[PDB]
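A.B. asks: Any chance you could fold what I've pasted below:
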Amino acid sequence: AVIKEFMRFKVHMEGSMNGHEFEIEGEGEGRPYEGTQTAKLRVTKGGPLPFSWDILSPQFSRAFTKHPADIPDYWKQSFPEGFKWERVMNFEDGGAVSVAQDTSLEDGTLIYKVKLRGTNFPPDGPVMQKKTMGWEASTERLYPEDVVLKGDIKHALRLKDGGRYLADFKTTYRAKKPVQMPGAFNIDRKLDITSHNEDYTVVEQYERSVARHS
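C.D. replies: Residues are numbered from 1 along each chain as shown. For reference, the structure is listed below:
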C-alpha cells in the first residue's frame, strides 16, 4: 500500500486576493486511514496577509479521509501518481476564489502545489477586514462523473459579531490514473485553526474528515 498509516506532506501556495500577491510554504502530517491531519504554514511573501486566513485554510488534503470499507477511496487509489483538484468558492457578498492544486508523491512524502486567485471581495467585508472566526463543521456531497469526482459544499464562516457568512464550494477531483469509482457519498469535516502567531504569518491547523453514506 502506497499510502501508509502515517504520512507527511509539504505544501507550496502562490496566490492573490483582490490583487494582493502572497506565498505560503508549509508541512503537515497525519493518519490517512483515521481521517486526521495537522499542518504548519508560514507566509513567505505578502505577509501579514491583508485578508482572513480562513480563505486559505481549506486549500491546504483528501488523501487523509477515513472511508468505510464499502466506499472505494478515490484519492488513496490514485497513488503513487496522485491527483489534481480545482475549486471555485462563491461568497454571499460577491467574493470569488478559484483554486487549482496538484498532488504528487516524492520520496515517500506527499507534495501539494496550490494556485489561488480571489477577486471582488468588498473592501469592508468580513474577508478583507478579518472578521471571520473559522468554518462551521461541514458536509461535502460528492458524486462521480465518468472518471472524476465532483463535490459541493454549502458552507459557512463564523463572524466575530456572532453572525454567519455563506459560501458555496464546487470542487472537481481528477485522479491521474483509473481507479475504482465510488458512488455518491458525503464527507463530514471539521477544520480548526489550532495556533497562530500574532499576525497569522505562522499558523497551525487540524482537520478531521470522514466519508459516509448518504
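A.B. asks: contacts, neighbours, all on C-alpha from now
C.D. replies: Will do.
A.B. asks: residue ranges of the strands in the protein, please?
C.D. replies: For the chain, the strands defined by DSSP state E occupy 7-17, 20-31, 36-45, 83-91, 96-106, 109-119, 132-135, 138-145, 148-159, 164-175, 185-196, 202-212.
A.B. asks: which helices and strands does the shortest one pack with?
C.D. replies: With contacts defined as 3 or more CA pairs under 8 Å, 6 or more residues apart in numbering; DSSP states H and E, strand 132-135 has these neighbours: strand 148-159, strand 185-196.
A.B. asks: Please state the offset of that strand from the chain centre?
C.D. replies: Centroid separation for strand 132-135 versus its chain: 14 Å, with CA atoms, centre = their mean, to the nearest Å.
A.B. asks: and that strand, C-alpha only, in CSV?
C.D. replies: Extracted C-alpha coordinates of strand 132-135, given in CSV (Å, rounded to 0.1, in the frame of the first residue of the first chain):
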residue,chain,number,x,y,z
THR,A,132,-14.3,35.7,10.3
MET,A,133,-13.6,33.1,13.0
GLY,A,134,-13.3,29.8,11.3
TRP,A,135,-15.5,27.4,9.3
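A.B. asks: So which of the strands of the chain is nearest residue 58?
C.D. replies: strand 185-196 (7.6 Å; CA to CA).
A.B. asks: What number of neighbouring residues does residue 31 come out with?
C.D. replies: 20 (other CA atoms under 10 Å).
A.B. asks: That one - nearest residue in space that isn't next to it in sequence?
C.D. replies: Take residue 31 and drop its neighbours on the chain: the residue closest to it by CA to CA, 6 or more residues apart in numbering is residue 6, 4.8 Å away.
A.B. asks: correct me, but that neighbour touches residue 35?
C.D. replies: No - counting by CA atoms under 8 Å, residue 6 sits too far from residue 35 to count as a contact (10.8 Å).
A.B. asks: Between these two, point out the one with more neighbours.
C.D. replies: Remark: of residue 6 and residue 35, residue 35 carries more neighbours, 19 against 13, as counted by other CA under 10 Å.
A.B. asks: Quick check: that one vs residue 61, distance?
C.D. replies: Going from residue 35 to residue 61 by CA to CA, to the nearest Å gives 10 Å.
A.B. asks: now do residue 118
C.D. replies: On the measure of CA to CA, residue 118 and residue 61 end up 20 Å apart.
A.B. asks: residues in contact with the residue lying closest to residue 164 once chain neighbours are set aside?
C.D. replies: The spatial neighbour of residue 164 that comes closest, neighbours along the chain excluded (CA to CA, 6+ apart), is residue 158 at 4.8 Å. With contact set as CA atoms under 8 Å, 6 or more residues apart in numbering, residue 158 has these partners: 132-136, 164-165.
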